[PDB]
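Take a look at the structure set out below.
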Amino acid sequence: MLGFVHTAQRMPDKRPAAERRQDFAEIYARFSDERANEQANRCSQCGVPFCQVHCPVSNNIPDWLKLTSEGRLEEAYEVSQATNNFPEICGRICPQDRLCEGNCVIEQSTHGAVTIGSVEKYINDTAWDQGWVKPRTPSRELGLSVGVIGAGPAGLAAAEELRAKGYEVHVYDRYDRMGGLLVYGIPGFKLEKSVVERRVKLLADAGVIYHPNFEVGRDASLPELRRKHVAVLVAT
Amino acid sequence: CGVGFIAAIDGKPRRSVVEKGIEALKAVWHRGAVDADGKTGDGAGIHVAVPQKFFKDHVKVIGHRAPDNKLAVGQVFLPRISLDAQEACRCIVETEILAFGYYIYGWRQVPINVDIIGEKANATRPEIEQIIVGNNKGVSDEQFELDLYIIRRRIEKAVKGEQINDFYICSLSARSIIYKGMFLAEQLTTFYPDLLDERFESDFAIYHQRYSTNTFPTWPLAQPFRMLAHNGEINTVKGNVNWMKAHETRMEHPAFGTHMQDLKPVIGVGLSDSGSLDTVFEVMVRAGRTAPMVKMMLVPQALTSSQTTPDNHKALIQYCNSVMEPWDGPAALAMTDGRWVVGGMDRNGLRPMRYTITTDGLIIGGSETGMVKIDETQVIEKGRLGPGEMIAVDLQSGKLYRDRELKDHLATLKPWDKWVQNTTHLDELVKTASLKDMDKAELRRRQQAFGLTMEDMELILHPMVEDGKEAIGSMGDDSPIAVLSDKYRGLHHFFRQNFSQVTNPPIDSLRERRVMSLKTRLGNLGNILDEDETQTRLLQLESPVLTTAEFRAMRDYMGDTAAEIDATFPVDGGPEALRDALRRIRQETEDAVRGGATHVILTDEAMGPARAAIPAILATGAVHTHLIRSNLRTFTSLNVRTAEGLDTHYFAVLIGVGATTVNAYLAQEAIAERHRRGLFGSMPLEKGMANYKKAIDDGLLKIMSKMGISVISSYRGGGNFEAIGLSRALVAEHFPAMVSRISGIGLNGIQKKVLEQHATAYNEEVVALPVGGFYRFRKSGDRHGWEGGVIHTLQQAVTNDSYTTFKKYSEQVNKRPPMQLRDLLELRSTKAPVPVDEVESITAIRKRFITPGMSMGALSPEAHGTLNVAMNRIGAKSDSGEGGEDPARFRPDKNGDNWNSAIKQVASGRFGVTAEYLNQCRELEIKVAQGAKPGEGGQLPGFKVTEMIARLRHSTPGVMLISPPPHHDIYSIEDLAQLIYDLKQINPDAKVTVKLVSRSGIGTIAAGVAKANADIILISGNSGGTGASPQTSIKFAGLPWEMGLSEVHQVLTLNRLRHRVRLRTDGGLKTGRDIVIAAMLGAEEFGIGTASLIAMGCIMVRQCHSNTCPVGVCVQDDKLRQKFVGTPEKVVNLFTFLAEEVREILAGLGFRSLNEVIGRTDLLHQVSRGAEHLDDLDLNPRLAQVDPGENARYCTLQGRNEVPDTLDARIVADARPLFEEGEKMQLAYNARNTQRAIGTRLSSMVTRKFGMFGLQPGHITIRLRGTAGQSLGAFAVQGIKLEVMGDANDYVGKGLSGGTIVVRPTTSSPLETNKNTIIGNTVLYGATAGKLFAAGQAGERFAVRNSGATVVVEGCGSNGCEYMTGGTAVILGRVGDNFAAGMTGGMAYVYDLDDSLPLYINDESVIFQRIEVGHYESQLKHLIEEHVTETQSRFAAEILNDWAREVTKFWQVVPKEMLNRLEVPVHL
Amino acid sequence: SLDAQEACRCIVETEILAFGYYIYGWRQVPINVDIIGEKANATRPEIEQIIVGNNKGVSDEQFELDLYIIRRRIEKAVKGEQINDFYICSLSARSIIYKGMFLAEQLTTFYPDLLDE
Amino acid sequence: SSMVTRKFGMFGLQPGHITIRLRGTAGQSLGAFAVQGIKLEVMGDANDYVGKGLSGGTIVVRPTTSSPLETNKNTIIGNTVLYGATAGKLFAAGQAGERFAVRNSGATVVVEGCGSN
Ligand SMILES: Cc1cc2nc3c(=O)[nH]c(=O)nc-3n(C[C@H](O)[C@H](O)[C@H](O)COP(=O)(O)OP(=O)(O)OC[C@H]3O[C@@H](n4cnc5c(N)ncnc54)[C@H](O)[C@@H]3O)c2cc1C
Ligand SMILES: Cc1cc2nc3c(=O)[nH]c(=O)nc-3n(C[C@H](O)[C@H](O)[C@H](O)COP(=O)(O)O)c2cc1C
Ligand code: SF4
Ligand code: SF4
Ligand code: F3S
């Protein structure tokens, strides 16, 4: 299942600038299914994997790589989203040229890095369409009060983890739309807001409490937020 | 070293037998080790009959009237330094003899001459005396001997009751006498002058010359024993002792009587293996059987499923296999009862045996053939002993018995076929009964309780289900040892598999499966002295591994005889719950076995959230040891159902502990769960289970063969393992005899580990197993030795020359938490620091490191050349490896580049060995085993071997090459000494070096190799790398090099032999701290190896075997080789950095060179962790210091060791006209069997002068008269001719390269040419080119590993042309058994006369047919014509005469891979 | 020999641990063999020390009596295997013994441990 | 240099055929009369008369890799460097001394700052 001997690296697609110059959607297309089965077959399962050690979350890349190379996308999706939250957006925004795809042993030998981010995007795409995703709601709710400040990625991930534990989470933010700067800071040109809306609705479905359009500086303060919960998280 | 025997066929005693025995012992001085003192020896012995006339004359001179019936003589060794102990021994023996009403005549002091014994052996000399006993009761002589034997036993017991040391009864009997001692071989007749009277006469005489292994002697342990004279070793000495201790409780026979109670512990304490063999042999013989019967019942013949053997012999083999466990091992036995005299071999037939029959009714057998002087006009037949065969002489009727007729006479006695059919085998019983399932959540919970991964589980198990072979690793181990591993680990990781290195060579399970058997018996244990039909009434299973169905069949067959025992302990129990559970199960098992039930089955199915599972290893060990100590194991079979075992090592360690059958069920349910989702494709579950069982069988066979044991019944319960990190009391109470050199965790730690794992498994709600990080690195856990950051740091530091970066590297490496033993040692001193300038120069340190060998087949030629260039540039010694070397590299380049290799290897393959390849060196190295694959030898994949590799190794392109595990020319330490003699003969200026692997019990091996005139020892660690090897062999084989190094240094300076060797090590030497600590422990040189590879470009991808290394180090394809990045300067920078780091450490310590620190072990201390909860590992036995005395701790001598000169000197003086003018020379000489390596130094001289193909064939011609010694014409280059009249000993033509050797019986010989053995075993080992026209039969393993040579012989032994690769072989006559095993190249022509070839030949990878094309017929005719022209063989001429009808008589054999590569198809 | 040393170590360890006392470890006594004659160096055995702690929290008299019983049991057990030259000089918590075959004038230069303050 | 001159002559070996590294402070007259094929590299500083009579060889001076100094603002060699050299190279890093490269003819020298004359 090495593959990289005779095959060649090929990106999903790229729309030419003749018509790309005017739209605001993404310039990359979904990965073809047979292209997915071929490109996944490109890694060599390098012992002591450098691909993982540089990915700041250090998810299990070669495992789902092998899986996608052979199939069983449900098992691969499960083992992918186990240790990484928000994979759909992380695999799309993070600069893999220096984080994960910038140190694969295939690239270091000048052969051409295996497209890791594209396979991450693909495996997170088809998994959601057929609906192999359920909100991680807890059982036997512990019972306490916890709150976060700022709906950014850090706050959202913290809230997801705490709701999976079984606390009562409260999200505060200044903006009217939730999701940190993914809906206001990052341009839609590089990331469609549809997937962020989908993920944030999934998060809300788990039992997360929202408090949109709030400020800790004027409307409230630190003693108030501290007394209102057990502990307060600051992701401003 | 060697045995021998002489017997009179008719049976009339005479002086000639004893005289010939003395003469034979006078000419075995060249096999045994040579001492420079000229006095000391290993111990010799002779065994003859009692000369009644001499003793009658003696007692008559004393005054008594000589009685008319037979007398009896008893030889005793009493203490000498004291006086009171002598009186005690004398009164003991006198009262014990006079307790039986016998009559005692008197004592006798033996005159000796003690001036010839050395001063080391004279210190422990016992007072030797004899006692004379008559017979006043007039009883028969059989009862006389039996009473004498009982008296001897009771005397031994009584004197053991008083702790009177150094007392030994040699032989108390009325028929035989034994003269043995610790002198030399020749000087025997000058120490015992009693053998110089013309009155001594005997019809049989046995003699032995042993080969000691330690400089310290011991008189009571010299051959021959009271009933035996054995040569060789014993692989199964623990299992047999344990099983005999089990059998002791039910041995009763009316032949003994009440005194039977005195003979309970038959196997005494503190005796050698052969001693135990002798004592059990005598105990069985005194019961009533005949000597051939017990010999066949102790060392049986290898039962094969063929049709060459009749059915009576088959029934006999089945009976003897069902009676008693075998005793495997290389053994050449020459045993004698009072009536029979038998001589035979073991199952495998390793050690040779050759005999001669004279017209005077005299048979002479021995290890060599030219020992005694016999005229050619007196012999009738010369024969040899094959596998398991035996030759006997009956003295009463005065008859001779060869193999077939003796076996028939033995089968004549009892109706075996009326008893063997009383057995039962579970194939139809399970098949007929078979034709008459768990939740994934609970499965995951149980797997998490036992801690099985997900990635690795389906990585090592998947090839077993899909393909049926265990997975193949790619690089060395670096995971920490078990005791320091943070995460949970099973019990099986704490056990390392043993393996024999030199003292007994392994057996190749891939090519010799015929002597391999996995049969097991249930309900066969009974009285060992009784014979009846009831014995062979049992259940027989073809494989000890059982699935669920077979287990249900066996259990519901046993019915009510079974008794289950729960193997779980309460989780809520206190700190001592585990010990209480152990005691509970022991008591339950004892009571159950007492309660009539005769079968015990361990089970842990009740595992759940309330009770935890007892480890299976500990449970079965406790149960088996308790049953042995309670004398109840002989009534009950033991079965275990484990829920953890997945790989072959677990089953191996579960069987070795003492189990019989196991059914690891959880593997089966996991496999079924995998198959139900459709992952294995279209394979039905039946095929999956079949492949799983087959893979487990093959793996277990491999682990057994790794130490030379071919029978499962003797390996069971032997305890052949090693514990590294268990408490001493634990393994000494609840485990069989196994040594743990360092103490480890006791009971509390194990209970804590199992409890924490159980809690993290059940008490939570898990979903999926962890990713697992055992075999490959993952971010979860399981810390390794080489991670990403450290690799990048080393590479950047070596490519940028920034020594500060290398210091940062070293700090990063040393900062990691403990992972090896060498991370638990601190170093301190007492003197003041010394500035770094005073430390010796860097170059004097860099010239010490070496680069271990790496086969050219493993890694691409670019890396090999780069390493060679760099190392030869800095001045050190690089290494070549097993794959040979290209000749075009034997000269320096134009740019001052030296691409040659300075150290050459002589491995077990002998692939590229050549007379020219052995002179382009400075030091030769001998390979025994390495740290990754200590038993199975190096292997090379199929798609790796290119055309260049085929040219280097003289082989066929694109074929799987696997090297034979055992050195076919090293079957004993004497073979090692002979091989070192050979190597030092062929190269007049190089050094020799052995290569061992660190394991327990290496001290005796160290002393032996030091006595074998070696130069440099090499202790290789257990974490070395490799090109390819099985995974289990990588993970669980070997021991840390600190243990081996400390043991070797201690045992080698204790014997005052340190000033003649140079110790060198490698394995996991990453930074300078490790090098300094190793130098302190006793090292003198250092090998880096794998680290250097990473400096060259490797990034530890662990895909060496897949031919797809992305960097381009280990690949043979052309494209990937372009991706190389190495440079000869990076290795230079790495070695410079290492040297500077060692310099800094030494300067900070307070010394000025490594010479002042080697052996100064007192500098070290052991620190430990406080809250680690680990029971402290006592490292003191490794830090113990023994004082060498006057000799320095590192003392050495310049130049290689000396060696006596052979005939070759006398040859190279007379041949001076050739070396000075190139004129033809023809010589003749008389060669005795003592002269070794005939015609080798001349080969070296003529290679250095002219070359290999420099002379025309037949330039120098030599003729020899008599019998040539072993290894005749080793490495005979083209241009030399050697014609010897007589016979050769063995190894003739070893490594032949272009020469021409011819043997023949002399013209005065009245024998038939094609019915008499003329050459010995393993002829033409690794031959490359030349011709060999022989006239006579050949020994065992004929033309093994032959590649290129042209050989014509008349007959052969078993396993002929084993692993053949090239050349032509023409056998005229009967072939042995299992002919053409694993043949891959060349072609063979066998002379058929009885159409019996298909019964014998092996059709694995070869095809046989009739001769078809006239071209090959003409070539065969040319070969036969040349053979006739050379030796004038009459039978060859008679074959030639009838060509028209003899053309269609032969059979042609060709490999299955040379068919389509042929230039002219053999088939029309 | 060396294997006999391992048997002796495991004997004394499995007999001390049968009562409950926790072993701290061994210690090799640093000696200086050079001041030994010839007839004595031929039969000089290895000298080692073992350290045991009283973690049971028992009075001194039961400790001494238990160590005496341990010594007798160890002697009997090792006699059971007929091992030669194994001698426990003194095992207690009140006194220690330094004895040998050297002269009387070189004692302090044979066992340097006796020169510490 | 004398040995290789007797063996291969003045220009018998290609440049860099044998290289030597020196740590610390070299003494006087470093590389006196070194023929082509020799290469010397000293880490530290040379005393005086360095490279005298150079004919074809190669000398290299340089502060060690841990130097906190400034290269072109310190002295690294002595006086009368390359007195009457014929051929070869001399690469340094630092200020030379007085009488730098007097009577030079054919050599190639590269220095960062020098002294009078
Ligand atoms: C391809 C790429 C492009 C990128 N482009 C950009 C870019 O254009 N701009 C950029 O900044 N980063 C950019 N980044 C970086 C990255 O997007 C941000 O660093 C990251 O999203 C910040 O996460 P956060 O945890 O700070 O969340 P944030 O979204 O920063 O969390 C802040 C949230 O808290 C709210 N808040 C702020 N103050 C208060 C307060 N006092 N009380 C209550 N709520 C408050 C804010 O309204 C907001 O909703 C880019 C990264 C990549 C890989
Ligand atoms: C890639 C590779 C190939 C090797 N090939 C051989 C070989 O052919 N023969 C041999 O005896 N040892 C071979 N070895 C083992 C080395 O000779 C040496 O024993 C070992 O590398 C030392 O341990 P280390 O891993 O710490 O360097 C090989 C090792 C490696 C890594
Ligand atoms: S990027 Fe390279 S090291 Fe990482 S998984 Fe893929 S092939 Fe293996
Ligand atoms: S692109 Fe994917 S693999 Fe790379 S760092 Fe981001 S999440 Fe990890
Ligand atoms: S891991 Fe193996 S494939 Fe080459 S790069 Fe290293 S030797």
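Ordered as shown in the structure tokens, chains take letters A, B, and onward, while each chain numbers its residues from 1 and ligands are numbered from 1 in the order shown.
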Original post:
In region 162-360 of chain B, what's strand (DSSP E or B) per DSSP? Answer as a PyMOL selection string?
Top reply: chain B and resi 168-173+176-181+202+204-209+225+228+230-232+331-336+340-345+354-358
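Residues of protein, DNA or RNA lying at most 6 Å from ligand 5, when only C-alpha atoms and all ligand atoms are considered, are residues 1098, 1099, 1100, 1101, 1102, 1103, 1104, 1109, 1111, 1113 and 1114 of chain B.
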Can you write just those residues out, N, CA and C atoms, as a PDB file, in the first residue's frame?
```
ATOM      1  N   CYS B1098      19.478   8.209   6.539  1.00  0.00           N
ATOM      2  CA  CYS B1098      18.338   7.453   7.035  1.00  0.00           C
ATOM      3  C   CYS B1098      17.557   8.276   8.048  1.00  0.00           C
ATOM      4  N   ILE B1099      16.242   8.081   8.057  1.00  0.00           N
ATOM      5  CA  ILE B1099      15.368   8.815   8.961  1.00  0.00           C
ATOM      6  C   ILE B1099      14.486   7.836   9.718  1.00  0.00           C
ATOM      7  N   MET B1100      14.953   6.598   9.846  1.00  0.00           N
ATOM      8  CA  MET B1100      14.272   5.557  10.611  1.00  0.00           C
ATOM      9  C   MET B1100      12.820   5.407  10.161  1.00  0.00           C
ATOM     10  N   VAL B1101      12.656   5.094   8.875  1.00  0.00           N
ATOM     11  CA  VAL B1101      11.322   4.846   8.341  1.00  0.00           C
ATOM     12  C   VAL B1101      10.868   3.419   8.621  1.00  0.00           C
ATOM     13  N   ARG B1102      11.804   2.513   8.909  1.00  0.00           N
ATOM     14  CA  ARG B1102      11.505   1.115   9.221  1.00  0.00           C
ATOM     15  C   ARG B1102      10.784   0.434   8.061  1.00  0.00           C
ATOM     16  N   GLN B1103      11.358   0.569   6.871  1.00  0.00           N
ATOM     17  CA  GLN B1103      10.868  -0.119   5.687  1.00  0.00           C
ATOM     18  C   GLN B1103      12.036  -0.664   4.884  1.00  0.00           C
ATOM     19  N   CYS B1104      13.020  -1.237   5.575  1.00  0.00           N
ATOM     20  CA  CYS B1104      14.198  -1.756   4.893  1.00  0.00           C
ATOM     21  C   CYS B1104      13.855  -2.956   4.023  1.00  0.00           C
ATOM     22  N   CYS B1109      12.890   2.280   0.624  1.00  0.00           N
ATOM     23  CA  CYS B1109      13.345   3.334   1.523  1.00  0.00           C
ATOM     24  C   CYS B1109      13.328   4.659   0.775  1.00  0.00           C
ATOM     25  N   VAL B1111      14.562   7.549   1.330  1.00  0.00           N
ATOM     26  CA  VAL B1111      15.815   8.294   1.286  1.00  0.00           C
ATOM     27  C   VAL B1111      16.779   7.649   0.300  1.00  0.00           C
ATOM     28  N   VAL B1113      18.810   4.485   1.251  1.00  0.00           N
ATOM     29  CA  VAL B1113      19.895   3.757   1.895  1.00  0.00           C
ATOM     30  C   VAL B1113      19.797   2.284   1.529  1.00  0.00           C
ATOM     31  N   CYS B1114      18.681   1.647   1.876  1.00  0.00           N
ATOM     32  CA  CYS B1114      18.493   0.216   1.650  1.00  0.00           C
ATOM     33  C   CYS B1114      17.449   0.019   0.555  1.00  0.00           C
TER      34      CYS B1114
END
```
Original post:
Which chains and residue numbers are within 7 Å of ligand 4, counting only C-alpha atoms and all ligand atoms, if I want them as a VMD selection string?
Top reply: chain A and resid 55 to 59 61 87 90 to 92 94 to 96 99 to 101 116 to 117 120
Keeping only N, CA, C and O atoms, write the selected residues to a file as a JSON list (two decimals), in the first residue's frame.
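Below is the file that was written, part.json:
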```json
[["chain", "number", "residue", "atom", "x", "y", "z"],
["A", 55, "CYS", "N", 2.06, 18.02, 13.44],
["A", 55, "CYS", "CA", 0.68, 18.48, 13.53],
["A", 55, "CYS", "C", 0.38, 18.87, 14.97],
["A", 55, "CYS", "O", 0.46, 18.02, 15.86],
["A", 56, "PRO", "N", 0.01, 20.13, 15.24],
["A", 56, "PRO", "CA", -0.07, 20.58, 16.63],
["A", 56, "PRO", "C", -1.11, 19.84, 17.47],
["A", 56, "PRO", "O", -0.98, 19.83, 18.70],
["A", 57, "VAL", "N", -2.12, 19.22, 16.86],
["A", 57, "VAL", "CA", -3.01, 18.35, 17.61],
["A", 57, "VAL", "C", -2.49, 16.92, 17.67],
["A", 57, "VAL", "O", -2.84, 16.17, 18.60],
["A", 58, "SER", "N", -1.64, 16.52, 16.72],
["A", 58, "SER", "CA", -1.01, 15.20, 16.70],
["A", 58, "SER", "C", -2.06, 14.10, 16.63],
["A", 58, "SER", "O", -2.07, 13.16, 17.42],
["A", 59, "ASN", "N", -2.96, 14.23, 15.67],
["A", 59, "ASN", "CA", -3.95, 13.20, 15.40],
["A", 59, "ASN", "C", -3.30, 12.02, 14.67],
["A", 59, "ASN", "O", -2.19, 12.12, 14.14],
["A", 61, "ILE", "N", -2.64, 10.26, 11.97],
["A", 61, "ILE", "CA", -2.71, 10.38, 10.51],
["A", 61, "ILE", "C", -2.55, 9.04, 9.80],
["A", 61, "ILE", "O", -3.43, 8.68, 9.00],
["A", 87, "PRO", "N", -12.74, 19.15, 12.69],
["A", 87, "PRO", "CA", -11.81, 18.69, 11.65],
["A", 87, "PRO", "C", -12.11, 19.30, 10.28],
["A", 87, "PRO", "O", -11.19, 19.57, 9.50],
["A", 90, "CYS", "N", -10.39, 22.73, 10.47],
["A", 90, "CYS", "CA", -8.96, 22.67, 10.73],
["A", 90, "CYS", "C", -8.21, 22.10, 9.53],
["A", 90, "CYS", "O", -7.14, 22.61, 9.17],
["A", 91, "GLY", "N", -8.76, 21.07, 8.90],
["A", 91, "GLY", "CA", -8.11, 20.52, 7.72],
["A", 91, "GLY", "C", -8.19, 21.42, 6.50],
["A", 91, "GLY", "O", -7.53, 21.14, 5.50],
["A", 92, "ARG", "N", -8.98, 22.49, 6.57],
["A", 92, "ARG", "CA", -9.14, 23.39, 5.44],
["A", 92, "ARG", "C", -8.36, 24.69, 5.60],
["A", 92, "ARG", "O", -7.90, 25.25, 4.60],
["A", 94, "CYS", "N", -5.75, 25.37, 8.15],
["A", 94, "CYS", "CA", -4.40, 25.32, 8.69],
["A", 94, "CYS", "C", -3.38, 25.24, 7.55],
["A", 94, "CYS", "O", -3.60, 24.53, 6.57],
["A", 95, "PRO", "N", -2.28, 25.98, 7.65],
["A", 95, "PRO", "CA", -1.30, 25.99, 6.55],
["A", 95, "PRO", "C", -0.46, 24.73, 6.53],
["A", 95, "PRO", "O", 0.66, 24.71, 7.06],
["A", 96, "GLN", "N", -0.99, 23.68, 5.91],
["A", 96, "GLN", "CA", -0.31, 22.39, 5.90],
["A", 96, "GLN", "C", 1.05, 22.43, 5.22],
["A", 96, "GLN", "O", 1.82, 21.48, 5.35],
["A", 99, "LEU", "N", 2.93, 22.89, 8.62],
["A", 99, "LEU", "CA", 2.53, 22.20, 9.84],
["A", 99, "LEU", "C", 2.54, 20.69, 9.70],
["A", 99, "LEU", "O", 3.24, 20.00, 10.44],
["A", 100, "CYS", "N", 1.77, 20.14, 8.76],
["A", 100, "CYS", "CA", 1.66, 18.69, 8.63],
["A", 100, "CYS", "C", 2.21, 18.19, 7.30],
["A", 100, "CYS", "O", 3.07, 17.31, 7.29],
["A", 101, "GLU", "N", 1.73, 18.72, 6.17],
["A", 101, "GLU", "CA", 2.25, 18.30, 4.88],
["A", 101, "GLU", "C", 3.63, 18.87, 4.58],
["A", 101, "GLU", "O", 4.17, 18.59, 3.50],
["A", 116, "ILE", "N", -2.46, 15.53, 2.87],
["A", 116, "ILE", "CA", -3.12, 15.14, 4.11],
["A", 116, "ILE", "C", -4.36, 15.98, 4.36],
["A", 116, "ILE", "O", -5.42, 15.45, 4.73],
["A", 117, "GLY", "N", -4.25, 17.29, 4.16],
["A", 117, "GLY", "CA", -5.39, 18.15, 4.40],
["A", 117, "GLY", "C", -6.56, 17.84, 3.49],
["A", 117, "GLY", "O", -7.72, 17.90, 3.91],
["A", 120, "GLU", "N", -8.26, 14.79, 4.81],
["A", 120, "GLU", "CA", -9.02, 15.18, 5.99],
["A", 120, "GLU", "C", -10.34, 15.82, 5.60],
["A", 120, "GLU", "O", -11.41, 15.45, 6.10]]
```
Subject >> Distance query residue 1451 (chain B) at most 10 Å, only C-alpha atoms, self and fewer than 3 positions along chain excluded, as a list in words >> reply: residues 1388, 1389, 1390, 1391, 1392, 1395, 1397, 1408, 1409, 1410, 1411, 1447 and 1448 of chain B
Keeping only N, CA and C atoms, write the selected residues as a short mmCIF file (atom, residue, chain, number, x, y, z; two decimals), in the first residue's frame.
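Written out: result.cif:
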```cif
data_model
loop_
_atom_site.label_atom_id
_atom_site.label_comp_id
_atom_site.auth_asym_id
_atom_site.auth_seq_id
_atom_site.Cartn_x
_atom_site.Cartn_y
_atom_site.Cartn_z
N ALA B 1388 21.65 -32.22 -10.95
CA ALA B 1388 22.18 -33.46 -10.39
C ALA B 1388 21.77 -34.64 -11.26
N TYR B 1389 22.64 -35.64 -11.32
CA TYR B 1389 22.37 -36.89 -12.03
C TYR B 1389 22.61 -38.04 -11.07
N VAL B 1390 21.54 -38.75 -10.71
CA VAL B 1390 21.62 -39.86 -9.78
C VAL B 1390 21.55 -41.16 -10.56
N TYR B 1391 22.34 -42.14 -10.14
CA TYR B 1391 22.39 -43.45 -10.80
C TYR B 1391 21.34 -44.35 -10.16
N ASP B 1392 20.21 -44.51 -10.84
CA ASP B 1392 19.13 -45.35 -10.34
C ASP B 1392 19.35 -46.79 -10.76
N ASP B 1395 14.71 -47.93 -8.88
CA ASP B 1395 13.55 -47.06 -9.00
C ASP B 1395 13.04 -46.60 -7.63
N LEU B 1397 14.17 -43.72 -6.13
CA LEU B 1397 14.41 -42.29 -5.93
C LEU B 1397 13.17 -41.54 -5.46
N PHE B 1408 12.36 -33.98 -11.07
CA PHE B 1408 13.21 -35.06 -11.56
C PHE B 1408 12.55 -35.72 -12.75
N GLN B 1409 13.39 -36.22 -13.66
CA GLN B 1409 12.90 -36.87 -14.87
C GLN B 1409 14.00 -37.78 -15.41
N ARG B 1410 13.73 -38.39 -16.56
CA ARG B 1410 14.74 -39.17 -17.25
C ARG B 1410 15.56 -38.26 -18.16
N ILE B 1411 16.76 -38.73 -18.50
CA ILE B 1411 17.61 -37.96 -19.41
C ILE B 1411 16.93 -37.90 -20.77
N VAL B 1447 22.22 -45.34 -20.45
CA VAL B 1447 21.77 -43.97 -20.66
C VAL B 1447 20.44 -43.74 -19.95
N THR B 1448 19.49 -44.65 -20.14
CA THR B 1448 18.16 -44.52 -19.56
C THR B 1448 18.08 -45.08 -18.14
#
```
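Taking only C-alpha atoms and all ligand atoms into account, the protein and nucleic acid residues that come at most 8 Å from ligand 1 are residues 93, 94, 95, 149, 150, 151, 152, 153, 154, 155, 172, 173, 174, 175, 178, 179, 180, 181, 182, 185, 186, 187, 190, 214, 215, 216, 217, 235 and 236 of chain A.
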Export of prior selection with C-alpha atoms as a CSV table (one decimal), in the first residue's frame:
```csv
chain,number,residue,atom,x,y,z
A,93,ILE,CA,-7.6,26.5,7.0
A,94,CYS,CA,-4.4,25.3,8.7
A,95,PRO,CA,-1.3,26.0,6.6
A,149,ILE,CA,-16.0,34.3,27.2
A,150,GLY,CA,-15.6,34.6,23.5
A,151,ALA,CA,-17.1,32.2,20.9
A,152,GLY,CA,-13.8,31.7,19.2
A,153,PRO,CA,-12.4,28.2,18.3
A,154,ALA,CA,-10.8,27.9,21.8
A,155,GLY,CA,-14.0,28.7,23.6
A,172,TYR,CA,-20.8,34.9,25.9
A,173,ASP,CA,-19.8,37.0,23.0
A,174,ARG,CA,-19.9,40.5,21.6
A,175,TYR,CA,-20.8,39.7,18.0
A,178,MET,CA,-21.6,33.0,17.0
A,179,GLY,CA,-18.4,31.1,16.2
A,180,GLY,CA,-15.7,33.7,16.9
A,181,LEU,CA,-13.9,35.3,13.9
A,182,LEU,CA,-14.6,32.4,11.6
A,185,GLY,CA,-12.5,37.6,10.8
A,186,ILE,CA,-11.7,34.9,8.3
A,187,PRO,CA,-12.9,35.9,4.8
A,190,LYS,CA,-11.2,30.9,2.1
A,214,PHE,CA,-22.7,40.5,25.6
A,215,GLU,CA,-19.6,42.3,27.0
A,216,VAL,CA,-17.6,41.5,30.1
A,217,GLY,CA,-16.2,45.1,30.3
A,235,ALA,CA,-10.9,33.2,25.3
A,236,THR,CA,-11.5,36.8,24.5
```
